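Student: Sequence below, structure please.
(one chain, ligands or ions: 1)
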Amino acid sequence: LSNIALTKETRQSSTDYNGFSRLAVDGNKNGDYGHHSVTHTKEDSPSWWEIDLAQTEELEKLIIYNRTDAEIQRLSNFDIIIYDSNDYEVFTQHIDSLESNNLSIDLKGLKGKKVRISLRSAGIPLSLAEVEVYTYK
Ligand SMILES: [Ca+2]
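Tutor: Residues are numbered from 1 along each chain as shown. Take a look at the structure below.
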């Protein structure tokens, strides 16, 4: 397995507090906001974040690392949406809440090019410490 998320092109609904979208693919899973490795949107309707894998890949695993210092509850009631190279949805999963600072999803070789994480409660900022996307097997 290799983490092909690293340094892929990212974007998000908006940015607050220097929480750039790229911070979720910098290879640093520290969720303490002041360690400067956690994304942050404004209070959007909805807040979302997206990664472009640059071409279609066989996806083995997705790992999402939450913020940990404060407001950890914000990463809850959300959707993970995977799209093909033509921007059509190929997979959706709804998440009620995280119990630990992270969630792992096996994708069993699902082919996709883009991954969006989008909150279903409007007004809530999205903050991610790290989103890792594994291919290989
Ligand atoms: Ca990070």
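Student: OK, contacts around residue 113?
Tutor: 52, 53, 54, 55, 56, 57, 83, 84, 85 (Cβ atoms under 8 Å, 6 or more residues apart in numbering). The way it works is simple: take the backbone N, C-alpha and C, and place the C-beta from them, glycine included.
Student: Which ones among those lie within helices?
Tutor: Assigned to helices by DSSP state H, none of the contacts of residue 113 qualify.
Student: Take those and keep only those in strands.
Tutor: 52, 53, 54, 55, 56, 57, 83 (DSSP state E).
Student: List, one by one, the residues from the chain near the ion.
Tutor: Counting by Cβ under 5 Å from the ion, the residues of the chain close to the ion are 23, 26, 28, 37, 130.
Student: Look at the one residue in the chain that gets nearest to the ion and say how many residues are nearby.
Tutor: Going by Cβ to the ion, the ion is nearest to residue 37 of the chain, at 3.5 Å. By other Cβ atoms under 10 Å, the residues close to residue 37 number 22.
Student: Quick check, it in contact with residue 25.
Tutor: No - counting by Cβ atoms under 8 Å, residue 25 is not a contact partner of residue 37; they are 10.1 Å apart.
Student: So for the two, which residues contact both of them?
Tutor: Common neighbours of residue 37 and residue 25 (Cβ under 8 Å, 6+ apart) are residue 130.
Student: All the strands of the chain, residue numbers only.
Tutor: Remark: strands assigned in the chain by DSSP E are 2-3, 9-12, 48-66, 76-83, 89-97, 102-119, 128-135.
Student: just so I know, which of those lies nearest residue 32?
Tutor: Closest approach to residue 32 among the strands of the chain (Cβ to Cβ): strand 128-135, 8.5 Å.
Student: That closest one packs against which elements?
Tutor: Secondary-structure packing of strand 128-135 (3 or more Cβ pairs under 8 Å, 6 or more residues apart in numbering; DSSP states H and E): strand 2-3, strand 48-66, strand 102-119.
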